[PDB]
Amino acid sequence: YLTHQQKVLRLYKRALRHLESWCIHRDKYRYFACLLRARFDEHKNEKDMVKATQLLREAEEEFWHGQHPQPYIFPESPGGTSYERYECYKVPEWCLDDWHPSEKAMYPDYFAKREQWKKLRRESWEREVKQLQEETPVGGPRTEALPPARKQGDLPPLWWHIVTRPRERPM
Amino acid sequence: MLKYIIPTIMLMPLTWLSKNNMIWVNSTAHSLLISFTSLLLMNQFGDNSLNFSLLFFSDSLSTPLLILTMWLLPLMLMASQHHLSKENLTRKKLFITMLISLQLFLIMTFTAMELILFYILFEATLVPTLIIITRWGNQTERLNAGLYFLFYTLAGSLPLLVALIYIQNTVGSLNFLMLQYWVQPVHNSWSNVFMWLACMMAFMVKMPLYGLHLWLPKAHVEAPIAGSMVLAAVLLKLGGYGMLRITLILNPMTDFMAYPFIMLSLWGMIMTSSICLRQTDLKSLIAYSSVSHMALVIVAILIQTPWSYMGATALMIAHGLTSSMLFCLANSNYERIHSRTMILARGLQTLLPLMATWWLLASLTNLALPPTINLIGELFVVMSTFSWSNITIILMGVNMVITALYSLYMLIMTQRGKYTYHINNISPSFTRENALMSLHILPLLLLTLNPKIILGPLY
Amino acid sequence: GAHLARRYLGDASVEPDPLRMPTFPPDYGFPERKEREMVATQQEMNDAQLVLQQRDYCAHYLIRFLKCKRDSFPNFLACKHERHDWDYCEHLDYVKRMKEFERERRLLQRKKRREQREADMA
Amino acid sequence: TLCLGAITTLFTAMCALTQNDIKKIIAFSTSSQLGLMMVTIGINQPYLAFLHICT
Amino acid sequence: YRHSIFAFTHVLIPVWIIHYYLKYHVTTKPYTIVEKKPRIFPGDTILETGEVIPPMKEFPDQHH
Amino acid sequence: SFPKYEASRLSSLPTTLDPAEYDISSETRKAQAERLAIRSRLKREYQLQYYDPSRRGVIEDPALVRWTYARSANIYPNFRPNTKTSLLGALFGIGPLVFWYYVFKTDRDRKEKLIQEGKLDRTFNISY
Amino acid sequence: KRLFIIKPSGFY
Amino acid sequence: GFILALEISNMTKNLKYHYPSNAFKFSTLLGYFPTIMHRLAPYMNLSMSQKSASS
Amino acid sequence: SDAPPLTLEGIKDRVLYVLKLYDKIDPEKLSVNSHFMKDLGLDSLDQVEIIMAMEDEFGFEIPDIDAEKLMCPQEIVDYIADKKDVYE
Amino acid sequence: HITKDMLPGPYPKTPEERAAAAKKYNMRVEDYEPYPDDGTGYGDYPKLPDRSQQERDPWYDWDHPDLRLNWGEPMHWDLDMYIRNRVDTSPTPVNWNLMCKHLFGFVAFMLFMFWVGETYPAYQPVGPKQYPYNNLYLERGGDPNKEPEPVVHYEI
Amino acid sequence: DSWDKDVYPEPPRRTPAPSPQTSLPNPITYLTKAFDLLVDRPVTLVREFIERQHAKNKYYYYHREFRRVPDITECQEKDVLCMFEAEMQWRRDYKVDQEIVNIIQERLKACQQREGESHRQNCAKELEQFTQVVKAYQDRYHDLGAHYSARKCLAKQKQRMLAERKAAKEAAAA
Amino acid sequence: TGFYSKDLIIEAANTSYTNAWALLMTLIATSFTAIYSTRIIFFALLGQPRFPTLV
Ligand SMILES: CCCCCCCCCCCCCCCCCC(=O)OC[C@H](COP(=O)([O-])OCC[N+](C)(C)C)OC(=O)CCCCCCCCCCCCCCCCC
Ligand SMILES: C[C@H](CCC(=O)O)[C@H]1CC[C@H]2[C@@H]3[C@H](O)C[C@@H]4C[C@H](O)CC[C@]4(C)[C@H]3C[C@H](O)[C@]12C
Ligand SMILES: *C(=O)CCCCCCCCCCCCC
Ligand SMILES: [Zn+2]
C-alpha cells in the first residue's frame with residue numbers, strides 16, 4: 001500500500017500537474033504553484049494523525065472537484081498520443097534464432113557476438129537458480145524484489161529479459 | 001460420372017501401393033489432377049441439365065459443389081501432413097482412405113438422379129466423418145462430439161427415409177427429372193404437414209438450423225483440421241443442396257410451413273453472430289460463424305425466389321472457401337502454441353508478417369467485402385428477403401454490423417497488440433502453410449471475375 | 001425578416017400565406033394587365049439543355065451568356081457583361097415577386113379594413 | 001437533412017471550442033463543415049454543397 | 001531522362017491500350033459509350049448537315 | 001461545497017475518494033501484505049520458467065485453463081432448472097421468435113390483401 | 001549509429 | 001467571433017483563478033456522448049452475448 | 001525520429017543545469033553525488049518539484065513509484081539513461 | 001498437465017470447500033467470494049470486482065502489459081469484455097447520472113426546437129416564382145395530348 | 001455496322017460548329033491534334049495489321065435456330081416426353097424474353113443520358129415502351145417462384161383469363 | 001478559397017423557405033468557426049514558448 005507520506009506527495013504532484021493544465025502560461029503557473037505550495041505548508045508538520053488524514057481526505061475532494069476534465073498527458077505516458085506507438089516495431093531477441101543462415105551471413109560480427117551472450121546466459125543460469133533457492137524464505141518470496149549478485153563474477157539473478165529487452169525506438 | 005468416380009477410387013490403391021515416404025506426394029498430385037478434370041462438368045445449357053445416365057446427372061447447382069468438393073481433397077491432404085507426421089504408416093494411409101471415401105460419397109451424392117440413391121450416399125458420409133473426428137481428433141471431447149454429430153443426423157434422416165419411400169409409392173418414382181413433370185400440389189392437411197417436416201428436418205439439422213445446431217460447435221471444433229475443413233465446406237451444404245431439390249415437391253405447403261424456420265434463422269443469425277463476440281476459443285468462434293452464414297441460406301431456400309436461389313448457391317460456395325481458410329489459419333497457430341484459446345498468443349503480426357495478410361483477406365471475405373462472392377451471395381439474399389417483407393432488412397442489417405465486429409475482433413485479438421512474452425516457439429511460416437492459404441483465397445477472388453458459374457440453375 | 005414577426009407573433013389574417021399566395025384574382029385592380037413576354041421559345045431552351053428551374057422568363061439572357069462562355073473559352077474572365085445581364089433580369093424578376101407579396105399583403109388589409117365597418121355598423 | 005446537418009454543425013463546432021489536442025480541433029472542424037454541407041443539401045442546393053467539397 | 005521514361009511506360013503505352021480497347025472493342029457495341037448530346041444555341045451551325053439555327057427574338061430593352 | 005461522488009457500474013469510485021483507503025487498520029495491513037505474498041509466489045514460479053534459457057514453448061497458465069473451462073464446460077453441470085433460469089430462457093429464447101413471427105405474418109398478410117385487391121404498386125417490379 | 005534492427009525472419 | 005475569441009484568449013493571461021463550469025465540461029468531454037454510448041452499448045451488447053445468447 | 005540522440009554527458013549537464021536554476025540549491029556545493037535530503041536540506045515536497053522539473057526538461061513522465069526513490073542527481077541520470085537506451 | 005483437482009467445480013457449501021476453492025484460484029480465503037448459487041452455471045468461479053483493465057496500474061511490470069494481467073492471477077469471468085479495446089469502467093470527472101441528464105437534456109431540447117422551427121418556418125417576403133407557359137407543362141413530363149389548364153402570369 | 005441500328009437506335013448527331021470569340025488559343029484544339037498523331041495513328045496501324053491477318057484465315061460461326069415444338073397446352077397429363085420438349089422450349093423463350101426487357105432498358109438508360117437536362121420530355125417514347133414490355137413480362141413470369149415451369153405459367157395465365165372474363169360480364173351488366 | 005462556397009451557402013440558407021431553428025444553429029456555428037480557428041493561432045503561434053528546452 002501507500003503510507004500517508006506517499007499519498008500526500010502523490011496528491012501534490014497531481015495537484016500541480018492539473019493546475020499547470022488550467023494555467024497554461026508559465027508565469028501564471030509559477031504564481032499559483034507557489035500559492036498551492038503554501039497550502040501544503042500551513043500543515044507541513046501536523047502531529048495528530050487523525051487530523052492529518054482529515055486534511056488529506058478533504059484535499060482529494062477539492063482536487064476531484066477542481067481537476068481539469070482534459071488534463072495534459074505526456075506523449076508517451078499512458079493515455080498519451082504516442083503511448084505504445086512503437087510496440088509494433090519491438091521484436092524480441094529470440095526471433096533471431098529462426099533466421100536463415102543466409103541472413104546471418106549478412107551480419108557475421110553481430111551474430112558472433114550474440115553467441116557470446118547466449119553462452120554467458122547459459123553458463124550463469126544454474127548459479128542464478130541457487131542464489132534464489134537459498135535467500136528465499138522457507139515458504140516462499142514475500143516481495144517481488146530480486147537480490148543483487150553477491151560473488152564476484154556472478155550476474156544478477158533473472159537478468160536476461162531486462163538486459164536484452166528491445167530498445168524504445170527499435171526502428 | 002464414371003470419369004470422376006473411378007479415378008477417385010483409384011486414389012486408394014495409389015496410397016496403399018505407394019512408397020512409404022511418397023504417400024502425401026502421390027495422393028496430393030493425383031487429387032489435383034482429378035480436380036482439374038472436374039471443370040468439364042461446366043458444359044451446362046440454359047434449358048436442359050447434363051443427364052449422363054439413369055443414375056447420375058449434373059446441373060448448374062451440383063456442378064459448383066462438385067468442383068468445390070474435389071478441390072478440397074488436395075487441400076485437406078496438405079493441412080494434415082504436419083500433425084500426422086508422428087503417426088503409424090498404416091494409420092496414416094487409413095486416414096487418407098477415409099478422406100477419399102468421403103469424396104467418393106460426396107461426388108455421387110451431388111449427382112444422384114434418384115432421391116433414394118441420394119439418401120443412401122447422403123447418409124454414408126457419416127461413417128468416414130465420424131471416424132475422422134473420433135480417431136484423429138486431439139481432445140477428450142471428440143468422443144462426445146462424434147455422438148452428437150451422429151444422432152442429430154439420424155434423428156432427422158430416418159423420418160426422411162419413410163417420407164421418400166412414401167412418395168415413391170404414391171408418385172411411382174423418385175427420379176428427380178420425373179418429379180419435375182409429375183409433381184402435384186400438396187393439399188393442406190395434417191398428413192401433409194408431417195410429410196413436410198420429414199422431408200426437411202434432415203436437411204435443416206445438417207445446415208444447421210438454429211436450435212438444432214448444438215452438434216456443430218462440438219464436431220467442427222473437436223475434429224482434426226481435415227475433418228473441420230470438409231465438415232464446414234462441403235458437408236453443411238448437403239442440407240442446403242437437399243432442400244433446393246426437395247422443395248420442388250412441397251408446394252404450396254412451403255409458403256406457410258416456412259414461417260417457424262424463417263423466424264428461427266433470422267433471429268438465429270443475430271444470436272450466433274453475437275456468441276462469436278464472446279468466444280474464448282478461436283476455433284469455436286469460426287464454428288459459430290458458419291451457423292450464422294447458413295442461416296441466410298435456409299431463409300433464401302424457404303422463400304423460393306429466383307434471386308434467393310442465386311444468392312443461396314453463391315453463399316454456399318463462398319462460405320466453403322472462407323470457413324475452410326479460417327480453420328487452416330487457426331490451425332496454423334495451434335500447431336505452434338498447441339492451444340485453441342484466442343487470447344493466449346497475441347501480436348502475431350510482428351512475428352508472422354505474411355500470415356497476417358492471409359488473416360486480413362480471410363477476415364474481409366468473412367465480413368462480405370464487395371465485390372467478393374461472399375457479398376454477392378449475401379447481397380442477393382438481402383434483396384430477395386426485402387421483397388418478402390421489408391422489415392427483414394432490419395434483421396439482415398444488424399447481422400452485418402455484428403459480423404464485422406467479430407471478424408475484425410478475431411483479427412485484432414490474435415494479430416495486433418503486443419506479443420506474448422513467454423511464447424518463443426513461433427517459427428516462420430512454412431511454405432506448406434502459405435501455399436495452403438493461397439489455394440483458398442485465390443480461387444475465392446478469381447470467381448469475382450466470372451460469378452455466373454456459381455449462381456446456380458436460376459441464372 | 002420583419003414579416004415573420006407579424007404573421008406569428010401577432011395578427012395572422014392580414015399577413016400573406018406564402019404557400020397559398022396569390023388569393024385574389026389578378027384583375028382585382030389593374031383595369032388591364034399584360035401577360036409576361038417570354039423571349040425564348042420551348043425548342044430553344046430544350047436544345048440549350050437548361051435545367052428546368054432555369055427555364056424562367058429570364059432564360060433568354062441565360063442562353064446568350066452560355067453561348068458566349070463556350071465561345072470565349074479558354075478566356076473564363078470574359079463574358080462578364082452577359083452574366084450581369086442575366087443577373088439583372090433575375091433581380092427584376094425577384095422584385096416582381098416582392099411586389100406580388102405586397103399586393104397580397106395590402107389586399108388582405110382591405111378585408112380586415114372593409115369588414116369592421118360592415119360588422120360594427122351591423 | 002437540414003435538421004441533421006444543423007445539429008451537427010453546431011454540436012461539433014461547440015466541442016472544438018475547448019479541445020487542447022491540435023488534431024482534434026481540426027477534426028471537429030471537419031465535422032462542422034460537413035454539417036454545413038448537409039445543411040446545403042437540406043435547402044436544395046446540391047451544387048453549392050459540391051463546390052464546398054472542392055474548396 | 002527518368003521523367004521521359006515514366007511518360008512512356010505509364011501514360012503513352014497505357015493510353016495506346018485504352019484507345020485500342022475503346023476504339024475497336026468497346027465502341028463497337030451498342031450503347032456502351034453514351035455521349036450527352038452537345039448543346040445547341042440560337043445562331044449555331046451544325047457541322048453534320050450545315051444547318052443554321054435561327055437567332056432569338058429581339059430583346060426589347062433593359063440597359064441597366 | 002463539494003458534491004459527493006456517486007459511482008456506477010460503468011464509472012467506478014476513485015481510489016482517492018474511497019473511505020476504505022484512508023481507514024488503515026491492523027487487519028487491512030496484514031491482508032494487503034498477505035496478498036502480496038501470493039503475487040510474489042506466483043511471480044517467482046513464472047519467472048523461473050520465463051528466464052530459463054533451455055525452455056522453448058508456451059508457459060502453461062493454469063489460470064487461463066480455468067477461465068476457458070469455467071466459461072464452456074463447467075456451465076451445464078452447475079445449472080438448475082428453477083424459476084429464475086426458466087423465465088429468463090423463456091422470454092429471451094422464445095419471446096423474440098414469437099414477436100418476430102407476428103411482425104412478419106401481419107406484414108405479409110397485409111401485403112397479400114393489397115396485391116389481391118390490385119392496389120399495391122408493382123408497375124416495374126419484375127425482380128423477386 | 002547504424003544499430004542492428006531485430007526483425008523476424010523474412011527469408012521464408 | 002474573432003473579437004470575442006480575442007478577448008476570451010486574452011483573459012487567460014490574467015492572474016485570476018479557474019472556476020470550471022458545467023458548460024465547459026460539457027464541450028470538453030464531447031457532450032458525454034462518447035462516454036455514455038461507448039460504455040453503455042458495448043456493455044449491454046457484450047453482456048447479452050455471453051449471459052443470454054451464449055450461456 | 002530525426003532528433004539528436006542523448007549522451008551520458010549531455011544528460012548530466014542538463015540535469016545539473018536545471019538544479020543550478022533552483023534557488024533553494026547552492027550551485028557551489030551542488031555535485032552529481034549531492035544527496036538532496038542529507039546534503040542540501042530539501043524536504044520531500046521540494047524533491048517532487050525537482051522530479052517534475054526533470055520530466056519537463058526531457059519531456060517524459062517519471063512514475064511516482066520511482067520519482068520518490070531518486071534522491072541524487074546521479075541517480076536521475078541513470079534513470080533517464082536507462083529509459084532512453086543511452087549507453088555512451 | 002492439469003488435473004480435475006485444479007479445475008472449477010460446483011458451488012462451495014461447507015467452509016472446508018471454500019478454503020480449497022481459494023487455494024485453487026490463488027486467492028486469500030477472505031478475498032474469495034463465488035457468484036450467488038442461482039443456477040446459472042457460475043459454480044465456484046470467484047466473483048472478482050467488475051473493473052476494466054484500464055483501471056489497473058499502467059506502470060506496474062505486468063507479465064501481460066497489454067492485458068494488464070499476471071501469470072497465475074485469476075481472470076475476471078468477463079475479462080474478454082474488460083480488455084482495453086472494450087467496455088471501460090474508469091472513474092469519470094463528471095457523475096454518471098449528471099452526464100446522462102445533460103446529454104438527454106441537450107438532445108431533447110434540440111429536437112423540440114427543430115419541431116418548433118418546422119411549424120414556424122423562415123421565408124423571404126416574395127410570391128411564388130413564375131415559370132413560362134403552362135408552368136413548363138411539356139418540359140417536366142406532361143402528356144402532349146391532354147390540354148393543361150392555362151397558367152397565366154401577369155406583370156405589376 | 002457492328003450492330004443493327006433498328007434494335008439500338010441512335011438519333012442523328014447535331015454538333016454545333018466552332019465560333020471562337022477570343023484571341024487565346026484553344027488548348028483542346030492543340031491537344032486533339034497531338035492525340036491523333038501520337039495515339040490514334042499508331043493504334044490504327046496495329047489494328048490494320050491485325051485486320052489484315054484475319055482476312056487471310058476467315059471462317060464463320062452461325063446462330064442456332066430452334067424449330068417450334070408443341071407447347072405445354074398440347075401435352076397430355078403426365079406425358080414426360082411431350083412435356084419435356086414443351087418445357088425446354090418455354091425455358092428458352094423465358095431467357096429470350098429476359099433479354100428483350102434488357103434491350104428496352106438499355107434504350108431507356110441511353111436516352112436519359114443522351115438528352116441531358118431535357119430527358120423528361122425527350123425520352124417519353126422510350127419510357128412508354130419500357131412500361132409496356134415490363135407489364136407483359138410481369139404478366140407471364142412474375143410470382144412463379146424458384147421452381148417455375150411451363151405448367152405454373154400456364155396456370156397463372158388461366159387464372160388471369162378467368163379474372164378478365166369475370167370482368168367482362170360485370171362490365172356489360174347495365 | 002473558402003469564401004466562394006461558404007458565403008453563398010449562408011446567403012442561400014437565409015433566403016430560403018427553411019427551418020428557422022436550423023438556420024439559427026448554422027449561424028451560431030459560423031461564430032464558433034472563428035473562435036476555434038483563433039484558438040489554434042493564439043495557443044500555437046503567439047505568446048511565449050511552453051515547449052521543452054531542447055527542441
Ligand atoms: C441500426 C442498429 C444496428 C445494431 C448495432 C448498432 C447498435 C449498437 C450495438 C453495437 C455496439 C456494441 C458492439 C460491441 C462492442 C465492440 C466494440 C467495443 O468494444 O467498444 C469499445 C469502444 C470504446 O472506444 P472509446 O473511444 O469510446 O473509448 C476507449 C478508451 N479510450 C478512448 C481511452 C481509448 O467503443 C466503440 O467503439 C463502440 C461505440 C459505438 C457503439 C454505440 C453505437 C451508438 C449508435 C448511435 C446511437 C444514436 C442513433 C443514431 C442513428 C443511428 C441508428 C439508426
Ligand atoms: C521519374 C520518377 C521520379 C523522378 C523525379 O521526380 O525526380 C522516378 C522515381 C523512381 C522511378 C521508377 C522506379 O525506378 C521503378 C521502375 C524502374 C524502371 O526504370 C521502369 C520504370 C519505373 C517505374 C521508374 C519510372 C521513373 O523513372 C521513376 C518513377
Ligand atoms: C427574415 O428574412 C429571416 C431572417 C432569419 C435570419 C436572421 C437574420 C437577422 C434578422 C433580424 C431581423 C431584422 C428585421 C428588421
Ligand atoms: Zn504441433
# chains A, B, ... in the order shown; residues from 1 in each chain; ligands from 1
call {"tool": "residues_around", "arguments": {"residues": "residue 95 in chain A", "least_positions_apart": "3", "cutoff": "10 Å", "atoms": "only C-alpha atoms", "output": "list in words"}}
result
residues 91, 92, 98 and 99 of chain A; 351, 424, 425, 426, 427 and 428 of chain B; 6, 7, 8 and 9 of chain G
call {"tool": "interface_residues", "arguments": {"of": "chain F", "to": "chain H", "cutoff": "9 Å", "atoms": "only C-alpha atoms", "output": "PyMOL selection string"}}
result
chain F and resi 10+71-72+75-76+88-89+92-93
call {"tool": "residues_near_ligand", "arguments": {"ligand": "ligand 2", "cutoff": "10 Å", "atoms": "only C-alpha atoms and all ligand atoms", "output": "list in words"}}
result
residues 1, 2, 3, 4, 5, 6, 7, 8, 9 and 10 of chain E
call {"tool": "write_last_selection", "arguments": {"atoms": "C-alpha atoms", "output": "PDB file, in the first residue's frame"}}
result
ATOM      1  CA  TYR E   1      15.618  11.111 -68.568  1.00  0.00           C
ATOM      2  CA  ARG E   2      13.611   9.456 -65.791  1.00  0.00           C
ATOM      3  CA  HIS E   3      10.516  11.585 -66.408  1.00  0.00           C
ATOM      4  CA  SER E   4      10.626  10.844 -70.137  1.00  0.00           C
ATOM      5  CA  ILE E   5      10.772   7.107 -69.417  1.00  0.00           C
ATOM      6  CA  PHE E   6       7.870   7.402 -66.981  1.00  0.00           C
ATOM      7  CA  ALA E   7       5.807   9.348 -69.518  1.00  0.00           C
ATOM      8  CA  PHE E   8       6.324   6.447 -71.955  1.00  0.00           C
ATOM      9  CA  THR E   9       5.684   3.415 -69.723  1.00  0.00           C
ATOM     10  CA  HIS E  10       2.820   4.925 -67.689  1.00  0.00           C
TER      11      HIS E  10
END
call {"tool": "residues_near_ligand", "arguments": {"ligand": "ligand 1", "cutoff": "8 Å", "atoms": "only C-alpha atoms and all ligand atoms", "output": "count of residues only"}}
result
27
call {"tool": "closest_residue", "arguments": {"among": "B:180, B:333, B:289, B:384", "to": "ligand 4", "atoms": "only C-alpha atoms and all ligand atoms"}}
result
B:333
call {"tool": "interface_residues", "arguments": {"of": "chain K", "to": "chain J", "cutoff": "10 Å", "atoms": "only C-alpha atoms", "output": "ChimeraX atom specification"}}
result
/K:117-124
call {"tool": "residues_around", "arguments": {"residues": "residue 45 in chain J", "least_positions_apart": "6", "cutoff": "9 Å", "atoms": "only C-alpha atoms", "output": "PyMOL selection string"}}
result
(chain F and resi 66-67+70) or (chain J and resi 8-11+21+25+33-35+77)
call {"tool": "residues_near_ligand", "arguments": {"ligand": "ligand 4", "cutoff": "8 Å", "atoms": "only C-alpha atoms and all ligand atoms", "output": "list in words"}}
result
residues 82, 83, 334, 335, 336, 337 and 338 of chain B
call {"tool": "atom_distance", "arguments": {"atom1": "CA of residue 87 in chain F", "atom2": "CA of residue 260 in chain B"}}
result
21.3 Å
call {"tool": "interface_residues", "arguments": {"of": "chain B", "to": "chain G", "cutoff": "12 Å", "atoms": "only C-alpha atoms", "output": "list in words"}}
result
residues 348, 349, 350, 351, 352, 353, 354, 355, 424, 426, 427, 428, 429, 430, 431, 432, 433, 434 and 435 of chain B
call {"tool": "write_last_selection", "arguments": {"atoms": "C-alpha atoms", "output": "mmCIF file, in the first residue's frame"}}
result
data_model
loop_
_atom_site.group_PDB
_atom_site.id
_atom_site.type_symbol
_atom_site.label_atom_id
_atom_site.label_comp_id
_atom_site.auth_asym_id
_atom_site.auth_seq_id
_atom_site.Cartn_x
_atom_site.Cartn_y
_atom_site.Cartn_z
ATOM 1 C CA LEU B 348 1.353 -12.391 -34.112
ATOM 2 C CA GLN B 349 1.599 -9.806 -36.901
ATOM 3 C CA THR B 350 5.034 -8.767 -35.610
ATOM 4 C CA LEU B 351 6.286 -12.381 -35.785
ATOM 5 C CA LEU B 352 4.469 -13.751 -38.873
ATOM 6 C CA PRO B 353 4.029 -10.761 -41.202
ATOM 7 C CA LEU B 354 2.795 -12.711 -44.231
ATOM 8 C CA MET B 355 0.397 -14.946 -42.309
ATOM 9 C CA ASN B 424 9.043 -18.063 -28.089
ATOM 10 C CA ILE B 426 6.648 -19.049 -33.190
ATOM 11 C CA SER B 427 8.705 -20.322 -36.107
ATOM 12 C CA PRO B 428 8.475 -18.638 -39.521
ATOM 13 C CA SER B 429 5.540 -19.706 -41.656
ATOM 14 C CA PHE B 430 6.237 -22.819 -43.696
ATOM 15 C CA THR B 431 5.841 -22.891 -47.456
ATOM 16 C CA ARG B 432 3.200 -25.581 -46.944
ATOM 17 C CA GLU B 433 1.120 -23.280 -44.742
ATOM 18 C CA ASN B 434 1.406 -20.271 -47.052
ATOM 19 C CA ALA B 435 0.549 -22.298 -50.159
#
call {"tool": "interface_residues", "arguments": {"of": "chain I", "to": "chain L", "cutoff": "9 Å", "atoms": "only C-alpha atoms", "output": "compact mmCIF listing (two decimals) with N, CA, C and O atoms, in the first residue's frame"}}
result
# COMPACT_ATOMS: atom_id res chain seq x y z
N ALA I 3 15.46 13.45 -34.14
CA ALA I 3 16.02 14.23 -33.05
C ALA I 3 17.39 13.69 -32.66
O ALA I 3 17.64 12.49 -32.77
N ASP I 56 9.74 17.81 -17.18
CA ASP I 56 9.51 18.93 -18.09
C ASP I 56 10.75 19.29 -18.89
O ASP I 56 10.65 20.09 -19.83
N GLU I 57 11.91 18.74 -18.53
CA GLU I 57 13.15 19.02 -19.24
C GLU I 57 13.38 18.02 -20.37
O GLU I 57 13.76 18.42 -21.48
N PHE I 58 13.18 16.73 -20.10
CA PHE I 58 13.34 15.68 -21.09
C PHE I 58 12.02 15.26 -21.72
O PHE I 58 12.01 14.38 -22.59
N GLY I 59 10.90 15.85 -21.29
CA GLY I 59 9.62 15.59 -21.91
C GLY I 59 9.12 14.16 -21.79
O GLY I 59 8.68 13.57 -22.78
call {"tool": "residues_near_ligand", "arguments": {"ligand": "ligand 3", "cutoff": "9 Å", "atoms": "only C-alpha atoms and all ligand atoms", "output": "PyMOL selection string"}}
result
(chain C and resi 1-5) or (chain J and resi 122-125) or (chain L and resi 13-16+20+23-24+27)
call {"tool": "write_last_selection", "arguments": {"atoms": "N, CA, C and O atoms", "output": "mmCIF file, in the first residue's frame"}}
result
data_model
loop_
_atom_site.group_PDB
_atom_site.id
_atom_site.type_symbol
_atom_site.label_atom_id
_atom_site.label_comp_id
_atom_site.auth_asym_id
_atom_site.auth_seq_id
_atom_site.Cartn_x
_atom_site.Cartn_y
_atom_site.Cartn_z
ATOM 1 N N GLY C 1 -36.636 38.040 -41.469
ATOM 2 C CA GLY C 1 -37.285 39.311 -41.905
ATOM 3 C C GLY C 1 -38.256 39.861 -40.877
ATOM 4 O O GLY C 1 -38.522 39.227 -39.859
ATOM 5 N N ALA C 2 -38.781 41.058 -41.142
ATOM 6 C CA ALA C 2 -39.760 41.657 -40.242
ATOM 7 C C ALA C 2 -41.140 41.035 -40.402
ATOM 8 O O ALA C 2 -41.915 41.001 -39.442
ATOM 9 N N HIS C 3 -41.463 40.542 -41.598
ATOM 10 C CA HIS C 3 -42.780 39.956 -41.823
ATOM 11 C C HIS C 3 -43.005 38.742 -40.931
ATOM 12 O O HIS C 3 -44.106 38.544 -40.408
ATOM 13 N N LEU C 4 -41.974 37.915 -40.747
ATOM 14 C CA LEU C 4 -42.127 36.727 -39.915
ATOM 15 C C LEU C 4 -42.553 37.088 -38.500
ATOM 16 O O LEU C 4 -43.282 36.324 -37.859
ATOM 17 N N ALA C 5 -42.107 38.238 -37.992
ATOM 18 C CA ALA C 5 -42.502 38.659 -36.655
ATOM 19 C C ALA C 5 -43.974 39.037 -36.584
ATOM 20 O O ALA C 5 -44.538 39.072 -35.486
ATOM 21 N N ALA J 122 -38.983 30.042 -41.628
ATOM 22 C CA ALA J 122 -38.499 31.334 -42.086
ATOM 23 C C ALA J 122 -38.499 31.359 -43.606
ATOM 24 O O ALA J 122 -38.108 30.384 -44.253
ATOM 25 N N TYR J 123 -38.945 32.476 -44.175
ATOM 26 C CA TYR J 123 -39.006 32.617 -45.620
ATOM 27 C C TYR J 123 -38.878 34.086 -45.984
ATOM 28 O O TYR J 123 -39.104 34.974 -45.159
ATOM 29 N N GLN J 124 -38.514 34.328 -47.225
ATOM 30 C CA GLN J 124 -38.350 35.686 -47.713
ATOM 31 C C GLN J 124 -39.673 36.216 -48.261
ATOM 32 O O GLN J 124 -40.464 35.457 -48.828
ATOM 33 N N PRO J 125 -39.948 37.518 -48.105
ATOM 34 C CA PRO J 125 -41.274 38.046 -48.479
ATOM 35 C C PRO J 125 -41.444 38.202 -49.987
ATOM 36 O O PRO J 125 -41.388 39.287 -50.560
ATOM 37 N N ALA L 13 -28.995 29.976 -47.475
ATOM 38 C CA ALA L 13 -29.726 29.455 -46.326
ATOM 39 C C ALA L 13 -30.676 30.501 -45.763
ATOM 40 O O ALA L 13 -31.790 30.174 -45.337
ATOM 41 N N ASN L 14 -30.251 31.764 -45.744
ATOM 42 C CA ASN L 14 -31.080 32.824 -45.182
ATOM 43 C C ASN L 14 -32.304 33.092 -46.047
ATOM 44 O O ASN L 14 -33.421 33.232 -45.535
ATOM 45 N N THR L 15 -32.116 33.174 -47.361
ATOM 46 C CA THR L 15 -33.207 33.493 -48.281
ATOM 47 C C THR L 15 -33.826 32.211 -48.841
ATOM 48 O O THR L 15 -33.853 31.968 -50.045
ATOM 49 N N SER L 16 -34.330 31.381 -47.933
ATOM 50 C CA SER L 16 -34.922 30.108 -48.314
ATOM 51 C C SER L 16 -36.089 29.803 -47.390
ATOM 52 O O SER L 16 -36.112 30.231 -46.234
ATOM 53 N N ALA L 20 -36.478 27.442 -39.198
ATOM 54 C CA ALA L 20 -35.919 28.626 -38.553
ATOM 55 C C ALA L 20 -34.802 28.254 -37.587
ATOM 56 O O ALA L 20 -33.743 28.890 -37.576
ATOM 57 N N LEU L 23 -31.661 27.290 -39.162
ATOM 58 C CA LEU L 23 -30.955 28.461 -39.666
ATOM 59 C C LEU L 23 -30.169 29.148 -38.557
ATOM 60 O O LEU L 23 -29.035 29.588 -38.774
ATOM 61 N N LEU L 24 -30.754 29.251 -37.363
ATOM 62 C CA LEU L 24 -30.056 29.886 -36.249
ATOM 63 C C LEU L 24 -28.829 29.084 -35.840
ATOM 64 O O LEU L 24 -27.766 29.657 -35.573
ATOM 65 N N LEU L 27 -25.938 29.711 -38.181
ATOM 66 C CA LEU L 27 -25.271 30.994 -37.977
ATOM 67 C C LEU L 27 -24.404 30.976 -36.726
ATOM 68 O O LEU L 27 -23.274 31.476 -36.745
#
call {"tool": "closest_residue", "arguments": {"among": "F:106, F:46, F:53, F:28", "to": "chain A", "atoms": "only C-alpha atoms"}}
result
F:53
call {"tool": "select_by_dssp", "arguments": {"residues": "chain I", "states": "alpha helix (DSSP H)", "output": "ChimeraX atom specification"}}
result
/I:8-20,36-40,44-58,64-67,73-82
call {"tool": "closest_atom_pairs", "arguments": {"of": "chain J", "to": "chain B", "cutoff": "9 Å", "atoms": "only C-alpha atoms", "output": "CSV"}}
result
residue,atom,partner,partner_atom,distance
J:63,CA,B:421,CA,7.7
J:64,CA,B:420,CA,7.0
J:65,CA,B:418,CA,7.8
J:66,CA,B:418,CA,6.2
J:78,CA,B:278,CA,8.9
J:80,CA,B:278,CA,7.1
J:81,CA,B:278,CA,7.6
